[PDB]
Amino acid sequence: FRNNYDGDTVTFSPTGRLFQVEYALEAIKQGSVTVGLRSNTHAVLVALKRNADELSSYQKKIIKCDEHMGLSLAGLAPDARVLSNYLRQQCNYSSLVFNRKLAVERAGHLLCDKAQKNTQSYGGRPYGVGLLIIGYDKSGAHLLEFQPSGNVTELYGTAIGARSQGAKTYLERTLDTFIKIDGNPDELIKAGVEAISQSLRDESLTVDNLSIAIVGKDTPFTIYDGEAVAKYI
Amino acid sequence: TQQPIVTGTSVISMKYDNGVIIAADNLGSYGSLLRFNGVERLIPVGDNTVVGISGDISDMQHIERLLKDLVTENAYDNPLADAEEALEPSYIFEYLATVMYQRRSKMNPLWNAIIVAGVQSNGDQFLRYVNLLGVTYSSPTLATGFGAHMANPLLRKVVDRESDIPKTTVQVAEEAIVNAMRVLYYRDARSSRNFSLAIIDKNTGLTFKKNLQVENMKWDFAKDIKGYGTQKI
Numbered sequence: 002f003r004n005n006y007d008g009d010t011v012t013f014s015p016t017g018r019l020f021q022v023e024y025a026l027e028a029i030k031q032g033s034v035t036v037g038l039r040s041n042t043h044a045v046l047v048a049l050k051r052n053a054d055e056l057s058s059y060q061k062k063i064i065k066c067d068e069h070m071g072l073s074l075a076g077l078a079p080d081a082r083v084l085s086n087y088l089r090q091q092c093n094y095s096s097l098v099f100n101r102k103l104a105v106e107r108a109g110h111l112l113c114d115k116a117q118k119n120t121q122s123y124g125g126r127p128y129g130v131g132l133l134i135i136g137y138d139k140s141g142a143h144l145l146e147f148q149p150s151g152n153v154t155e156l157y158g159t160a161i162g163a164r165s166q167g168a169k170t171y172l173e174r175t176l177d178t179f180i181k182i183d184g185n186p187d188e189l190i191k192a193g194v195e196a197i198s199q200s201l202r203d204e205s206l207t208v209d210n211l212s213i214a215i216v217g218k219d220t221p222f223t224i225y226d227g228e229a230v231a232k233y234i
Numbered sequence: 034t035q036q037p038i039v040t041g042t043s044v045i046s047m048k049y050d051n052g053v054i055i056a057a058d059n060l061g062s063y064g065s066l067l068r069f070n071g072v073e074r075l076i077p078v079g080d081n082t083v084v085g086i087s088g089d090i091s092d093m094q095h096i097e098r099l100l101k102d103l104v105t106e107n108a109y110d111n112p113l114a115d116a117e118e119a120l121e122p123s124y125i126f127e128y129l130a131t132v133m134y135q136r137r138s139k140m141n142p143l144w145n146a147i148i149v150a151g152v153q154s155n156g157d158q159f160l161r162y163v164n165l166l167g168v169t170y171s172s173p174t175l176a177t178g179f180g181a182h183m184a185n186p187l188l189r190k191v192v193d194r195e196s197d198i199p200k201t202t203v204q205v206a207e208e209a210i211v212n213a214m215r216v217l218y219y220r221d222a223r224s225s226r227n228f229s230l231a232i233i234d235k236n237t238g239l240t241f242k243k244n245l246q247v248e249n250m251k252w253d254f255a256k257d258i259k260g261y262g263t264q265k266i
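These protein sequences, in sequence, are chains V and F. In UniProt numbering, each residue carries its 1-based index in the first sequence increased by 1. In UniProt numbering, each residue carries its 1-based index in the second sequence increased by 33.
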C-alpha cells in the first residue's frame with residue numbers, strides 16, 4: 002500500500018491521501034512546542050527553544066515579518082526562513098504600493114497558496130514546517146495556524162509541535178479567561194507560559210530556553226529572549 | 034513615449050472643514066477641435082474617494098479600468114471589504130502614484146495629471162496630486178494644467194494655509210470652486226461650460242453633481258468695446 006503511493010507529492014493513494022504531505026506534517030510533530038494566544042488588544046507567541054548539546058545554543062523559533070506581524074515555527078527551520086521571508090516581502094509590497102499594512106487574514110491566504118503549489122507538481126516537496134502567525138491589523142489582534150498541507154486557520158489560541166496537545170487543551174479550557182486579558186500584556190504572556198508548560202516533560206523552561214514575542218494596539222511586534230523573559234519563569 | 038490625442042483640461046480641488054471638493058468640465062478636446070462633450074473626468078471609487086483626471090483620455094479610460102479592478106480585487110476573500118478593510122483614499126493614491134512612476138521610468142507614460150480627493154476612515158481629508166512624471170504633492174488646494182495658474186490663486190484666497198481649513202465651510206468652498214470654473218471658461222480656450230462637481234464630506238458622504246453650468250457671466254461690457262485703439266464706431 003502506502004509505499005507505492007508515497008514516492009512524491011503528485012500521487013494520490015487509493016483512499017485519497019497525500020503521504021508526502023502527511024510525512025511533512027510529521028516533521029512538525031517532531032519539532033519543539035510553541036504556543037499562540039490572543040485577547041482583543043494583544044497577541045502573544047511563546048516558544049520553547051531546543052538545543053543540540055549543552056554547548057550549543059537554543060535555536061530561535063520566532064521571526065518578525067513586519068512591525069505589526071510575526072510568527073513562530075515548528076519543524077524544518079530553513080522552510081520557515083523561506084516562508085517568513087516571503088511573508089516579509091508581501092508585507093513590504095502592501096506598504097510600498099498601497100501604503101497599507103497587510104491584513105493578517107490576507108497573509109494567511111498568501112501562505113496557503115504558496116504551500117499549495119508545492120503539493121500538486123512533480124519535482125518539489127511540501128514545506129516541512131508549521132507556523133503560528135500573530136499580528137495586530139485594522140480589525141484587531143489575530144492568531145493563525147499554518148500547516149504545510151496549505152491549511153491555515155484563525156484561532157483564539159493554539160500550539161504546535163511535540164506534546165503540543167497539552168497546551169492546546171489547557172487553552173481550550175482557559176479560553177473564556179485569557180480572551181479578556183485586554184490592556185495587560187504581562188497577564189497575556191503569563192497565560193501563554195502557563196499553556197506552554199502544559200507540554201513540558203523533559204525539563205522546565207529556563208532563561209536561555211524560553212522565547213516570547215508580542216504585538217498589539219500600541220505595541221509593535223517585538224521579541225523577548227533571555228534576561229528579558231526572566232520575569233516570567 | 035507617446036503624444037496625447039484626445040485630452041481633458043483642468044481639474045481643480047480644495048479641502049474645507051469637513052471634507053474636500055473637486056471639479057472638472059465635461060470636455061474631451063482633439064487639438065483645437067472641441068470634439069467630445071459628454072466626458073466624465075471625475076471617477077468615484079467607493080464612497081470616500083473621487084479621482085479627477087486630466088490629460089490623455091484614452092489613458093484616463095485605462096486608469097478607470099484599473100480602478101474598477103482595484104475594487105473587485107479588494108473584495109476577494111475580504112469579509113471586511115465594506116468596513117474596516119475597504120479602500121482608503123490614500124491606498125487608491127499610492128497605487129496610482131506607483132503606476133505613474135513605473136510608466137515614466139519605462140519611458141511610456143500615462144499622459145495625465147491626477148488629483149485624488151477623499152476622506153480617510155478616521156475623518157481626515159485627503160488631497161494629493163500625481164502626474165505622468167510620477168511627481169506628487171499635497172496642498173490645501175490643487176489644480177492641474179490651466180487651473181494651476183488661474184484657479185489656485187483664487188482658491189488660495191480662501192484657504193491660504195492649513196489653519197484656514199477648519200474655518201472654511203462647504204458653502205464657501207463650493208462657491209470658490211464654482212467661480213473658478215467660470216473664470217476658466219473665460220480664459221481657457223480648451224474648456225467647456227458644462228462640468229461635474231463632487232463633495233466628499235466626513236458626515237454627508239459623497240455627493241456627486243452632474244451637468245452643472247457656468248452661470249452669471251459678465252459679457253455686457255463687450256458692446257462698449259469697438260476697434261483696437263483709434264476707431265470710434
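For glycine and all other residues, C-beta sits at the position ideal for the given N, C-alpha and C.
Using beta-carbon distances, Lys139 of chain V counts as an interface residue toward chain F, with a partner under 8 Å. Taken through DSSP and simplified to helix, strand or coil, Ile125 of chain F comes out as helix.
With fewer than 16 other Cβ atoms inside 10 Å of its own Cβ, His182 of chain F counts as exposed. Taking a contact as a CB-CB distance under 8 Å, the pair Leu129 of chain F and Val78 of chain F does not count as one, their CB atoms being some 10 Å apart.
A straight-line Cα-Cα distance of about 42 Å links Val216 of chain F and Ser95 of chain V. The beta carbon of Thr169 of chain F is closer than 7 Å to those of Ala130, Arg161, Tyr162 and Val163 in its chain, skipping five residues each way along the sequence. Going by DSSP, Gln21 of chain V is part of no beta strand (DSSP E) but of the alpha helix (DSSP H) stretching over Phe20 to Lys30. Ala209 of chain F sits in a helix when the DSSP states are folded into three classes. Here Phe99 of chain V is not near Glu106 of chain F, since their CB atoms are 8 Å or more apart. Within 10 angstroms of the beta-carbon of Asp193 of chain F lie fewer than 16 other beta-carbons, which makes it exposed.
At least one C-beta of chain V is nearer than 8 Å to the C-beta of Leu113 of chain F. Around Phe99 of chain V, the beta-carbon contacts reaching into chain F at under 7 Å are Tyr124, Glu127 and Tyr128. Note that the C-beta distance between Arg98 of chain F and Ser87 of chain F is not below 8 Å. A distance of 8 Å or more separates the beta carbons of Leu145 of chain V and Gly158 of chain V. Under the DSSP definition of a beta bridge, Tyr63 of chain F partners with F:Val39 and F:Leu66.
Scanning chain F for C-beta atoms nearer than 8 Å to the C-beta of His110 of chain V yields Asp110, reported in chain order.
Cα atoms of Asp54 of chain V and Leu26 of chain V: separation of roughly 26 Å, rounded to the nearest angstrom. One finds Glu118 in chain F with Cβ atoms closer than 7 Å to the Cβ of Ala104 of chain V, taken in chain order.
Shown in chain order are the members of the segment 131-158 of chain F whose Cβ falls below 8 Å from a Cβ of chain V: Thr131. Between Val84 of chain F and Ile45 of chain F, the CB-CB gap reaches or exceeds 8 Å.
Within the segment 143-224 of chain V, the runs of alpha helix (DSSP H) that reach at least 4 residues and sit entirely inside it are, in chain order, 165-179 and 186-197. Taking every protein chain shown into account, the CB of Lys169 of chain V has 16 or more other CB atoms within 10 angstroms, so this residue is buried.
Cβ-Cβ distances below 8 Å link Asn41 of chain V to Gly141, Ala142, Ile180, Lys181 and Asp183 in the same chain, with the five nearest sequence neighbours on each side left out; the list follows chain order.
Contact check for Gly41 of chain F against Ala56 of chain F fails: the beta carbons are separated by 8 Å or more. With contacts defined as CB atoms closer than 8 Å, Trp144 of chain F and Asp197 of chain F fail to qualify as a contacting pair. When V:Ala48, V:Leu56, V:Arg18 and V:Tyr171 are compared, the shortest CA-CA separation from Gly71 of chain V is found for V:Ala48.
Assigned with DSSP and collapsed to three states, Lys200 of chain F falls in helix. In the three-state reduction of the DSSP assignment, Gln158 of chain F falls in the strand class. For the pair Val36 of chain V and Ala163 of chain V, the CB atoms are not nearer than the 8 Å cut-off. Closest in alpha carbon position to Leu175 of chain F, among F:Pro37, F:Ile54 and F:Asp50, is F:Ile54.
Buried is the label assigned to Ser229 of chain F, since at least 16 other Cβ atoms lie within 10 Å of its Cβ. With contacts defined as CB atoms closer than 8 Å, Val216 of chain V and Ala108 of chain V fail to qualify as a contacting pair.
Only residues of its own chain outside the window of five on either side were considered, and among them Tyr6 have a CB closer than 7 Å to the CB of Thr12 of chain V, listed in chain order. When beta bridges are read from the DSSP output, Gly88 of chain F appears opposite F:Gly41 and F:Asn145.
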